[PDB]
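Worksheet: the structure to be examined is printed underneath.
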Amino acid sequence: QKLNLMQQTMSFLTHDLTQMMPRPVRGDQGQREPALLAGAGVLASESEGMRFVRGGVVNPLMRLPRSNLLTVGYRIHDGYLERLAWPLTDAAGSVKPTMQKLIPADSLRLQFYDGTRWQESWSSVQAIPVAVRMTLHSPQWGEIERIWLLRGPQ
Amino acid sequence: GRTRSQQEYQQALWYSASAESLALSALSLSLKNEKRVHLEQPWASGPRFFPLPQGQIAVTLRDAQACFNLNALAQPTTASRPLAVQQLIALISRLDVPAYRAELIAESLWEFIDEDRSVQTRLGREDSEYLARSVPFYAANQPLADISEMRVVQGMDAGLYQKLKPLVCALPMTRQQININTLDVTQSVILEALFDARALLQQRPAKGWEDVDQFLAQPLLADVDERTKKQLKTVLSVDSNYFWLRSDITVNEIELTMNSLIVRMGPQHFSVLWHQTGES
Amino acid sequence: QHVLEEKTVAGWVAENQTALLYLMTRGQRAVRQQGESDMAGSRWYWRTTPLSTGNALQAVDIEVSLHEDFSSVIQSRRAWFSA
Ligand SMILES: [Ca+2]
Ligand SMILES: [Ca+2]
Ligand SMILES: [Ca+2]
Ligand SMILES: [Cl-]
């Protein structure tokens, strides 16, 4: 249960991060924004935040005019890790994200592996990392670190 | 119970990373001293199967440049209708689509991919089309990241999308570099488009053409005009830098399909650009 | 529940160290590595041992234990790499 929520959390994260796309986006008013936006206060996070595009939507009949990509994000809000999901890319500001309260958590720190070194910030417009290291502090578990590959071996 | 599955799916992704590692291996080894990309090379024999504890992987590699790259529409141009637009209208026409609708879609695609927010086509539309939708959004105004982004353009449906899918792609290049050596005979409508004949591909040499000039000067293309040949020369290739990996992974009851786009980085260096779970 | 939680946290260490193997070179993967990772307030020892594969493609086992001497492996993983 405490375990279920953590397992859920890790599941959401793995499914999102491991299918990240090197796709720049248009923001709430159509402004150009980077493929991966990450750092202090991203999505009004109380800690670090991140926002990116991922694929892997399976919709083999392709019945509605929609692509197989989504925009997702993670932040700390009200003492919780929270997942935000938009149902498509480059969404109008009228389009509001779903919000999923995940584990209690109070600090999210991110590092990014560029293919050579680990760096603390990400600033490319088009390119995405090879790997991401996430650290957070959970009142239920303590300090948790996880490394994800974003796009397999290089 | 969920601990086991989550471990196993994690292990299903790691086998996908294993699958990809093998692909990059096979590509480096078969292409190391090779100047071209053709279907008698070792990478093109498949699928390969490997056992894993409680499962297996199946892997198949294909030439990602064996298709019409829609991102050729991102190419800086200064003509009222560039070549990629002409060719796509010709391609779409050949899928039982009336002249009008084929134009609407191609022009809509042009406007969706071109970086400006202004209209320059009779039938194509920019942000207004897309803000008007049930779930409103903006026009990408950049190269497509995935072929699925085309589903959303003006005059598109599921039937046509699925007809178009085997023939067009979204590569991270604005060039049209179609590898004539790897086009399947079934993709022969592409050639029909590009020539304004499965015979050409049916009769392709065992180890492909040495170059595009050799392709273009074969007896079968005697009567085609010089201008068509000069522009075909700008869009065809005998080489490739992009491959698709399909991996089908099984761990106990878990079945996962992964599609990975691989880029050639050096003579013996290939990398995965991105990957996604795909339809079976 | 305690054992499920233990395997879950040891599982994170195993995953983390498998990811890092994909960032290393072929020669580094060919030799045994081991270390220590502090996670969720406990200390987990890990080590990565090459196995011989069929295809001329590397393999490696990843083991995680609560014990410095690696008795009683909580989580094992196997992974394949290019050679
Ligand atoms: Ca335009
Ligand atoms: Ca545009
Ligand atoms: Ca730690
Ligand atoms: Cl770790």
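Here, A, B, ... name the chains of the structure tokens in the order displayed, residue numbers run from 1 inside each chain, and ligands are numbered from 1 in the same displayed order.
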Exercise. Select all residues from chain C having any atom no more than 6 Å from an atom of chain A (counting only C-alpha atoms, ignoring ligands), output as number ranges by chain.
Key: C: 16, 22, 39-40
Quiz prompt | Protein and nucleic acid residues within 10 Å of ligand 4 (only C-alpha atoms and all ligand atoms) as number ranges by chain | solution = A: 144-147; C: 9-20, 35-39, 43-46, 64
Exercise. Tell me, in Å to one decimal, how far CA of residue 39 (chain A) is from CA of residue 90 (chain A).
Key: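 Distance reported for this atom pair: 20.3 Å.
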Practice problem: Return as a count of residues only the residues of protein, DNA or RNA that approach ligand 1 to within 9 Å, with only C-alpha atoms and all ligand atoms taken into account. | Solution: 17
Exercise. Within 6 Å of chain C, which residues of chain B are there when counting only C-alpha atoms? Please give them as a ChimeraX atom specification.
Key: /B:18,21-22,25
Exercise. Would you work out the distance separating CA of residue 97 (chain B) from CA of residue 169 (chain B), expressed in Å to one decimal?
Key: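 So the two atoms, CA of residue 97 (chain B) and CA of residue 169 (chain B), lie 19.2 Å apart.
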Self-check item: chain B contacts to chain A at 7 Å (only C-alpha atoms) as a list in words
Solution: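 For chain B, the answer reads residues 17, 20, 21, 131, 136, 137, 138, 145, 148, 149, 151, 152, 158, 271, 272, 273, 274, 275, 276, 277, 278 and 279 of chain B.
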Please write the residues from the selection above to a file, keeping N, CA, C and O atoms, as an mmCIF file, in the first residue's frame.
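Dumped to out.cif:
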data_model
loop_
_atom_site.group_PDB
_atom_site.id
_atom_site.type_symbol
_atom_site.label_atom_id
_atom_site.label_comp_id
_atom_site.auth_asym_id
_atom_site.auth_seq_id
_atom_site.Cartn_x
_atom_site.Cartn_y
_atom_site.Cartn_z
ATOM 1 N N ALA B 17 17.035 -3.216 -24.113
ATOM 2 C CA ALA B 17 18.366 -2.623 -24.158
ATOM 3 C C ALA B 17 19.385 -3.662 -24.666
ATOM 4 O O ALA B 17 20.283 -3.304 -25.399
ATOM 5 N N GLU B 20 18.712 -3.953 -28.474
ATOM 6 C CA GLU B 20 19.315 -2.795 -29.134
ATOM 7 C C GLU B 20 20.848 -2.945 -29.201
ATOM 8 O O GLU B 20 21.470 -2.610 -30.217
ATOM 9 N N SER B 21 21.450 -3.432 -28.115
ATOM 10 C CA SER B 21 22.899 -3.623 -28.080
ATOM 11 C C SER B 21 23.373 -4.570 -29.191
ATOM 12 O O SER B 21 24.401 -4.338 -29.786
ATOM 13 N N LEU B 131 -6.163 25.039 -33.427
ATOM 14 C CA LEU B 131 -6.842 25.601 -32.255
ATOM 15 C C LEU B 131 -8.367 25.350 -32.322
ATOM 16 O O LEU B 131 -9.040 25.353 -31.289
ATOM 17 N N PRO B 136 -7.890 21.502 -28.548
ATOM 18 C CA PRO B 136 -7.128 22.477 -29.333
ATOM 19 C C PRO B 136 -5.630 22.435 -29.074
ATOM 20 O O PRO B 136 -5.215 22.168 -27.959
ATOM 21 N N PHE B 137 -4.840 22.712 -30.109
ATOM 22 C CA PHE B 137 -3.376 22.693 -30.015
ATOM 23 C C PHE B 137 -2.785 23.526 -31.143
ATOM 24 O O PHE B 137 -3.523 23.973 -32.023
ATOM 25 N N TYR B 138 -1.469 23.743 -31.111
ATOM 26 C CA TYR B 138 -0.787 24.549 -32.137
ATOM 27 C C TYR B 138 -0.126 23.656 -33.197
ATOM 28 O O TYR B 138 0.159 22.472 -32.953
ATOM 29 N N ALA B 145 8.443 14.613 -35.368
ATOM 30 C CA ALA B 145 9.229 13.732 -34.519
ATOM 31 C C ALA B 145 8.892 12.269 -34.737
ATOM 32 O O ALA B 145 9.705 11.398 -34.468
ATOM 33 N N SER B 148 3.343 9.287 -36.689
ATOM 34 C CA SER B 148 2.015 9.518 -36.097
ATOM 35 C C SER B 148 1.547 10.972 -36.048
ATOM 36 O O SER B 148 0.347 11.235 -36.002
ATOM 37 N N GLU B 149 2.472 11.922 -36.045
ATOM 38 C CA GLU B 149 2.078 13.346 -36.036
ATOM 39 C C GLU B 149 1.318 13.733 -37.303
ATOM 40 O O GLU B 149 0.556 14.697 -37.293
ATOM 41 N N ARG B 151 -1.083 12.047 -38.639
ATOM 42 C CA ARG B 151 -2.485 11.660 -38.485
ATOM 43 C C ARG B 151 -3.418 12.879 -38.316
ATOM 44 O O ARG B 151 -4.571 12.837 -38.731
ATOM 45 N N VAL B 152 -2.885 13.959 -37.741
ATOM 46 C CA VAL B 152 -3.642 15.144 -37.345
ATOM 47 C C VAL B 152 -3.814 16.188 -38.462
ATOM 48 O O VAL B 152 -4.541 17.160 -38.286
ATOM 49 N N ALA B 158 -8.089 7.502 -40.692
ATOM 50 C CA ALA B 158 -7.479 6.218 -40.327
ATOM 51 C C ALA B 158 -7.125 5.343 -41.545
ATOM 52 O O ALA B 158 -6.009 4.810 -41.638
ATOM 53 N N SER B 271 24.219 4.540 -32.848
ATOM 54 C CA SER B 271 23.517 4.887 -31.603
ATOM 55 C C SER B 271 21.994 4.927 -31.739
ATOM 56 O O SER B 271 21.469 5.154 -32.822
ATOM 57 N N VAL B 272 21.294 4.757 -30.622
ATOM 58 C CA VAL B 272 19.845 4.801 -30.622
ATOM 59 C C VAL B 272 19.434 6.236 -30.374
ATOM 60 O O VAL B 272 19.785 6.816 -29.350
ATOM 61 N N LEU B 273 18.661 6.806 -31.285
ATOM 62 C CA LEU B 273 18.173 8.167 -31.115
ATOM 63 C C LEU B 273 17.009 8.260 -30.139
ATOM 64 O O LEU B 273 16.957 9.148 -29.328
ATOM 65 N N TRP B 274 16.049 7.365 -30.273
ATOM 66 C CA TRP B 274 14.922 7.259 -29.335
ATOM 67 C C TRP B 274 14.262 5.919 -29.549
ATOM 68 O O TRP B 274 14.509 5.247 -30.562
ATOM 69 N N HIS B 275 13.415 5.541 -28.609
ATOM 70 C CA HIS B 275 12.628 4.335 -28.776
ATOM 71 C C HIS B 275 11.263 4.471 -28.115
ATOM 72 O O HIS B 275 11.066 5.323 -27.249
ATOM 73 N N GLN B 276 10.330 3.633 -28.557
ATOM 74 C CA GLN B 276 8.925 3.677 -28.143
ATOM 75 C C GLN B 276 8.370 2.273 -28.196
ATOM 76 O O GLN B 276 8.698 1.512 -29.117
ATOM 77 N N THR B 277 7.462 1.974 -27.278
ATOM 78 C CA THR B 277 6.629 0.799 -27.400
ATOM 79 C C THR B 277 5.754 0.952 -28.671
ATOM 80 O O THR B 277 5.265 2.042 -28.984
ATOM 81 N N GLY B 278 5.657 -0.123 -29.456
ATOM 82 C CA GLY B 278 4.987 -0.105 -30.763
ATOM 83 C C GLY B 278 3.846 -1.096 -30.817
ATOM 84 O O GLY B 278 3.703 -1.905 -29.930
ATOM 85 N N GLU B 279 3.017 -1.012 -31.852
ATOM 86 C CA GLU B 279 1.930 -1.978 -32.059
ATOM 87 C C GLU B 279 2.491 -3.329 -32.515
ATOM 88 O O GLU B 279 3.465 -3.384 -33.274
#
Quiz item: Which of these residues is nearest to residue 29 (chain C), using only C-alpha atoms: C:48, C:76, C:42, C:53?
Solution: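 Looking at the shortest contact to residue 29 (chain C), the residue is C:48.
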Quiz item: Using only C-alpha atoms, which residues sit within 12 Å of residue 219 (chain B) once same-chain residues fewer than 6 positions away are excluded, as a PyMOL selection string?
Solution: chain B and resi 199-200+203
Practice problem: Write out as an NGL selection string each polymer residue whose atoms come within 9 Å of residue 232 (chain B), counting only C-alpha atoms; drop sequence neighbours fewer than 6 positions from it. | Solution: :B and (194-195 or 212 or 216)
Can you write just those residues out, N, CA, C and O atoms, as an mmCIF file, in the first residue's frame?
data_model
loop_
_atom_site.group_PDB
_atom_site.id
_atom_site.type_symbol
_atom_site.label_atom_id
_atom_site.label_comp_id
_atom_site.auth_asym_id
_atom_site.auth_seq_id
_atom_site.Cartn_x
_atom_site.Cartn_y
_atom_site.Cartn_z
ATOM 1 N N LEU B 194 7.604 9.346 -57.828
ATOM 2 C CA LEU B 194 8.838 10.076 -58.110
ATOM 3 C C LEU B 194 9.122 10.160 -59.613
ATOM 4 O O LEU B 194 9.978 10.934 -60.043
ATOM 5 N N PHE B 195 8.397 9.366 -60.398
ATOM 6 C CA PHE B 195 8.520 9.376 -61.845
ATOM 7 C C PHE B 195 7.265 9.982 -62.514
ATOM 8 O O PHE B 195 6.928 9.638 -63.639
ATOM 9 N N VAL B 212 23.536 5.792 -57.848
ATOM 10 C CA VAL B 212 22.262 6.277 -58.390
ATOM 11 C C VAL B 212 22.370 6.570 -59.894
ATOM 12 O O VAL B 212 21.418 6.352 -60.659
ATOM 13 N N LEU B 216 19.949 5.167 -62.637
ATOM 14 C CA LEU B 216 19.198 6.042 -63.531
ATOM 15 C C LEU B 216 19.498 5.791 -65.016
ATOM 16 O O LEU B 216 18.688 6.151 -65.869
#
